[PDB]
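Asker: Fold the following for me, if possible:
(3 chains, ligands or ions: 4)
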Amino acid sequence: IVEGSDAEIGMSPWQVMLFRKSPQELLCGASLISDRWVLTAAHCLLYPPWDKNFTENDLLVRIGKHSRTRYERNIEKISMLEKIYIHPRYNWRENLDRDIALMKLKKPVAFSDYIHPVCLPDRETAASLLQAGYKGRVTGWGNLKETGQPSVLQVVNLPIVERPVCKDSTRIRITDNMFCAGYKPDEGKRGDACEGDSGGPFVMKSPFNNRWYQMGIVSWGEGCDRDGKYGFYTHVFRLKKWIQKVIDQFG
Amino acid sequence: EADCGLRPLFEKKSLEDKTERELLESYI
Amino acid sequence: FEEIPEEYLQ
Ligand SMILES: *[C@@H]1O[C@H](CO)[C@@H](O)[C@H](O)[C@H]1NC(C)=O
Ligand SMILES: NC(=[NH2+])NCCC[C@@H](N)C(=O)O
Ligand code: NA
Ligand code: NA
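Answerer: Residues are numbered from 1 along each chain as shown, chains lettered A, B, ... in the order given. Ligands and ions are numbered 1, 2, ... in the order given. The relevant structure is shown in the block below.
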């Protein structure tokens, strides 16, 4: 996260770290959506241009964390993966369309002050909140700058951007399964996700019921925090029918 | 889950975090 | 990164 701040303890209790077993390293962010299911970006698990195709036994999920590098004894919980599910129409060849994946845990994780699931949006919450200018929150342990790494989880609040501005900021073909967020050059303020934040959540706090909803997944960008560029996020609601089908069929 | 999105150390205790008000103020 | 308990790597 560029131009963010340290998270408060328990501020993002759905935060998940995707962790490679060997070598032991951070791979991506992710989010907890139930006691057995974790949501992430497909490109965190499958990206053939970079020879990336992880299997379940390659990975661990670390939940309840604050420090990036410490083993947070008596606080974090480490879970093994039962199965990975990647969206069948995830477009890794072109533009990362439908950049979404689910991970089912081998055993349910115990909720605590530090571990708690985020809600997924209904159609009405999505329609009400996914408006240009409305702000969401992005969290992660990724790099602090494009060109270093944080001691603890970082947080930044960023406004959703009008779709024509998103489209005009890039040569990549944007789809309805993506949205973009960030400040414009004339707005003064700054902030973006960066390398290592991929797969983590873009959340919004509903003013109707005071619950946090995951509207986006950190998907892609061109650099980090560049003027005139915006971060792109998987549109969770538009892919929720697939999420539900997976959980109903395999949960 | 039934209590999804309600954080133990914040909403469950009626404590606000340091920047959530910035989000609310943008929901015009 | 601090080493994690071996139980999670087995
Ligand atoms: C990813 O790896 C799995 C297991 O090796 C394989 O079945 C699948 O075809 C691979 N996907 C791609 C796009 O290469
Ligand atoms: N928003 C933004 N500038 N980038 C988001 C994608 C980060 C991805 N390259 C990674 O984690 O490697
Ligand atoms: Na364009
Ligand atoms: Na920017």
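Asker: Which residue ranges of chain A form helices?
Answerer: Secondary structure of chain A by DSSP state H: the helices cover A:123-129, A:163-168, A:240-250.
Asker: for these, which one sits closest to ligand 2?
Answerer: Nearest of the helices of chain A to ligand 2, taken as C-beta to the nearest ligand atom: helix A:163-168 at 12.0 Å. No exception for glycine: its C-beta is placed from N, CA and C like everyone else's.
Asker: how distant is that closest one from the center of its chain?
Answerer: 21 Å (C-alpha atoms, centre = their mean, to the nearest Å).
Asker: likewise stretch A:110-123?
Answerer: Distance of stretch A:110-123 from the chain centroid (C-alpha atoms, centre = their mean) equals 14 Å.
Asker: Any buried residues in that stretch, and which?
Answerer: For stretch A:110-123, a neighbour-count test (16 or more other C-beta atoms under 10 Å in any protein chain shown) marks A:111-112, A:114-121 as buried.
Asker: Also stretch A:165-175?
Answerer: Judged by neighbour count using 16+ other C-beta under 10 Å, the buried positions of stretch A:165-175 are A:166, A:169-170, A:174.
Asker: Ligand 1: which of those is nearest?
Answerer: residue A:174 (23.0 Å).
Asker: With adjacent residues omitted, what lies nearest to the closest one?
Answerer: Leaving out its chain neighbours, the residue that sits closest to residue A:174 by C-beta to C-beta, 6 or more residues apart in numbering or on different chains is residue A:167, at 5.1 Å.
Asker: All the helices of chain C, in order from the start?
Answerer: For chain C, no helices are identified by DSSP H.
Asker: With chain B instead?
Answerer: Under DSSP H, chain B gives helices at B:20-26.
Asker: Tell me which residue lies nearest the centroid of it.
Answerer: residue B:11 (5.4 Å; C-alpha atoms, centre = their mean).
Asker: pretty sure residue A:52 contacts residue A:46?
Answerer: Yes - contact criterion C-beta atoms under 8 Å: residue A:52 and residue A:46 qualify, at 6.5 Å.
Asker: Among these two, which residue is more densely surrounded?
Answerer: Between residue A:52 and residue A:46, counted using other C-beta atoms under 10 Å in any protein chain shown, residue A:46 has the larger neighbour count: 18 against 13.
Asker: Could you provide the helices of chain A in JSON lines, with additional columns for distance to residue B:15?
Answerer: Formatted as JSON lines, those follow (distance: least, C-beta to C-beta, whole Å):
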{"stretch": "helix A:123-129", "distance to residue B:15": "23"}
{"stretch": "helix A:163-168", "distance to residue B:15": "35"}
{"stretch": "helix A:240-250", "distance to residue B:15": "30"}
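Asker: Tell me how many other residues surround residue 7.
Answerer: In the absence of a named chain, chain A is used. What residue A:7 shows, counting by other C-beta under 10 Å, is a neighbour count of 22.
Asker: switch to chain C, that's the one I care about
Answerer: Neighbour tally, residue C:7, other C-beta under 10 Å: 7.
Asker: OK, contacts around the residue in chain B positioned nearest to ligand 2?
Answerer: Proximity of chain B to ligand 2 (C-beta to the nearest ligand atom) peaks at residue B:23, 18.6 Å away. Applying C-beta atoms under 8 Å, 6 or more residues apart in numbering or on different chains, we find residue B:23 in contact with A:134-137, A:157, A:204-205.
Asker: and what of residue A:137?
Answerer: A:12, A:155-158, A:202-204, B:19, B:23.
Asker: Just the closest of those residues to ligand 1, please.
Answerer: Ligand 1 lies nearest to residue A:202 out of the contacts of residue A:137, by C-beta to the nearest ligand atom, at 26.0 Å.
Asker: Next, count neighbours for the nearest residue to that closest one once chain neighbours are set aside.
Answerer: Spatial nearest neighbour of residue A:202, chain neighbours left out: residue A:216 (3.1 Å); criterion: C-beta to C-beta, 6+ apart. For residue A:216, the count of nearby residues is 27 (other C-beta under 10 Å).
Asker: Could you give the bridge partners of residue A:216?
Answerer: residue A:202, residue A:235 (DSSP bridges).
Asker: thinking again about what came up before, and the residue nearest to the residue nearest to the centre of chain B when sequence neighbours are not counted, how many residues sit next to it?
Answerer: Spatial nearest neighbour of residue B:11, excluding adjacent residues (C-beta to C-beta, 6+ apart): residue A:210 at 6.0 Å. By other C-beta under 10 Å, the residues close to residue A:210 number 14.
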